[PDB]
Amino acid sequence: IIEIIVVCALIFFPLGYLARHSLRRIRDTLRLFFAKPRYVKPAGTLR
Amino acid sequence: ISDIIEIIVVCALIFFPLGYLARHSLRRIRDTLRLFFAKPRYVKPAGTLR
Amino acid sequence: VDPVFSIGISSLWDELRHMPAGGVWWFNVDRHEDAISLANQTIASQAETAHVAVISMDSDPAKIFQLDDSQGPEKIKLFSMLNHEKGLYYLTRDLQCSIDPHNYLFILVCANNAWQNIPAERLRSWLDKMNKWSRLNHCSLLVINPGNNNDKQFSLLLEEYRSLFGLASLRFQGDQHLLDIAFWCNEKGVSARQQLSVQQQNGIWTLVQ
Amino acid sequence: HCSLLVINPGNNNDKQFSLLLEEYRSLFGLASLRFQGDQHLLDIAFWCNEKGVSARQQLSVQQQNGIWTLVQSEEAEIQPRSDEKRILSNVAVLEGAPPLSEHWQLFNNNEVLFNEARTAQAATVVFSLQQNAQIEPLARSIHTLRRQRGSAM
């Protein structure tokens, strides 16, 4: 009931703090995945 | 059971911005606390040696 | 721990060759062929384990930038952009999308008089953001600009010596070229206002002592 | 927008000195003063301000009655030459002709010109002489400029 509600509250608090601390990491991973190069397009790894 | 899960999810969400806004304004909160009182320790101003 | 890289001029002192990753260095050259030759010699002068990228404008980079078969890294990550200011504006995000930029060297060979249209304020902002990004992601950026009358731009670059970590220029003098090292900051110390002469022998920049 | 002046008394900071040499990104300028019996040798590895960057300069200073005075070797390199192309000339030098380039800055007389040239380091200063009465003051101004702004001018 209210007890388990407060448990979940605590959990999501530092959980949301750690997620915020990794803001830069999240941003970089998302940029790598979605991958929008608007003007600079990799021509190709040359040998 | 269904109502329990619903309330769980609600609490989860609300505490996400609660912990997202706490971190976002964290730097500003420390600043505000400082001028309130905090504790000017260690280094102590001697005086205005005119 | 982060490796240091070298500039592509032979017979040159290590005090003016090494660029520790995590800053911005700037180069000016008088002619486009000089820019491309210097870029190719820099690429051929890198360590095997190093990670190097090249960004070019108004051309297909696979046909203008070469690699020596005896020295240098196994492969390089060529890039290409429009001959426009927006390409330089987005460079950071565009490179982050396709590459993890930690411990990398970026050679940016612009077109002839490409940096002529960029206003002074936006150039200052670009240099500041590039310096901050370089310190944040531990990457080094080398800029090679073939131009003629960048005296106002060169004074602008000198005023921004905090953003840059080294500014040098290359001027054509008929049979030899003059290297003017405004300043340089590397692992072995800091230099200030040297003048050195370098020649092009068989396409290789060799310092004449 | 605050400046910090770190004064470090030390004897065996060789490792610390090498660390500070590597620490360019956090230090505008690293300066060392060494006592050598009668005079102090000032060794500035690098130094930066609004007038440029100077690197690897060794100078000699002496403490006379508690004051720090530079030795008469006051002709040491003014390393930065950022205004090597700026031409600071009296308006009379150009006999009504337009300024030749963007590098030409004109001045009304040889007193505003002297004031502006007290801040230059490698510029060309062109004075205009029209009377014999202004030879001694011009000589004094030239003397002050040469004895303070170095040989690059």
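Just so it is clear, none of the values below were taken in a lab; they were calculated from the coordinates. Cβ placement follows ideal geometry from the backbone for every residue including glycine, while neighbour counts extend to all protein chains displayed.
I'd like to verify a number: residues in the range C:149-163 that are among the aliphatic types (A, V, I, L, M) and facing chain D (nearest Cβ under 10 Å), how many? Give the steps one after another, and end with the answer.
Residues of the range C:149-163 that are among the aliphatic types (A, V, I, L, M), as a first pass: C:156-158.
Still in the list and also facing chain D (nearest Cβ under 10 Å): C:158.
So the count comes out to 1.
Residues checked against (1) free of Cβ contacts under 8 Å to residues at least 12 places away in the same chain; (2) in contact with a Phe, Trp or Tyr (Cβ under 7 Å, 6 or more places away or on another chain):
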residue	(1), (2)
D:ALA97	yes, no
D:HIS103	no, no
D:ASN115	yes, no
D:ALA120	no, no
D:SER128	no, no
D:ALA133	yes, no
D:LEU138	no, yes
D:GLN148	no, no
D:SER151	no, no
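Looking for something facing another protein chain (nearest Cβ under 7 Å) and more than 19 Å from C:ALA35 (Cβ to Cβ) - is there at least one such residue anywhere in the range C:64-73? Scanning the range C:64-73 turns up no residue that is facing another protein chain (nearest Cβ under 7 Å) and more than 19 Å from C:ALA35 (Cβ to Cβ). Answer yes if at least one residue in the range B:21-40 is of a type in the set (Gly, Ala, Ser), away from chain A (no Cβ under 14 Å) and not in a loop (DSSP other than H, G, I, E, B), and no otherwise. Within the range B:21-40, not a single residue is of a type in the set (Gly, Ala, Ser), away from chain A (no Cβ under 14 Å) and not in a loop (DSSP other than H, G, I, E, B).
Do the conditions hold for C:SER134, that is, is it of a type outside the set (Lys, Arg) and either without any contact (Cβ under 8 Å) to a residue 12 or more places away in the chain or within 10 Å of chain D (Cβ to nearest Cβ) (or both)? Considered against the rule, which asks whether it is of a type outside the set (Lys, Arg) and either without any contact (Cβ under 8 Å) to a residue 12 or more places away in the chain or within 10 Å of chain D (Cβ to nearest Cβ) (or both), C:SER134 comes out as no.
The single residue among C:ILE118, C:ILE99 that is of a type in the set (A, V, I, L, M, F, W, C) and touching a strand residue (DSSP E or B) at 6+ places or on another chain (Cβ under 7 Å) turns out to be C:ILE99.
Step by step: first the residues of the range D:51-75, then only those that are part of a loop (DSSP other than H, G, I, E, B) and free of Cβ contacts under 8 Å to residues at least 24 places away in the same chain, then the one that is surrounded by the most Cβ atoms within 10 Å (Cβ to Cβ). Which residue is that? So the residue we want is D:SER73. Applying the set (1) of a type in the set (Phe, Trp, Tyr); (2) farther than 14 Å from C:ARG93 by Cβ; (3) exposed (fewer than 14 other Cβ atoms within 10 Å of the Cβ) to A:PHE34 leaves exactly one unmet item: (2).
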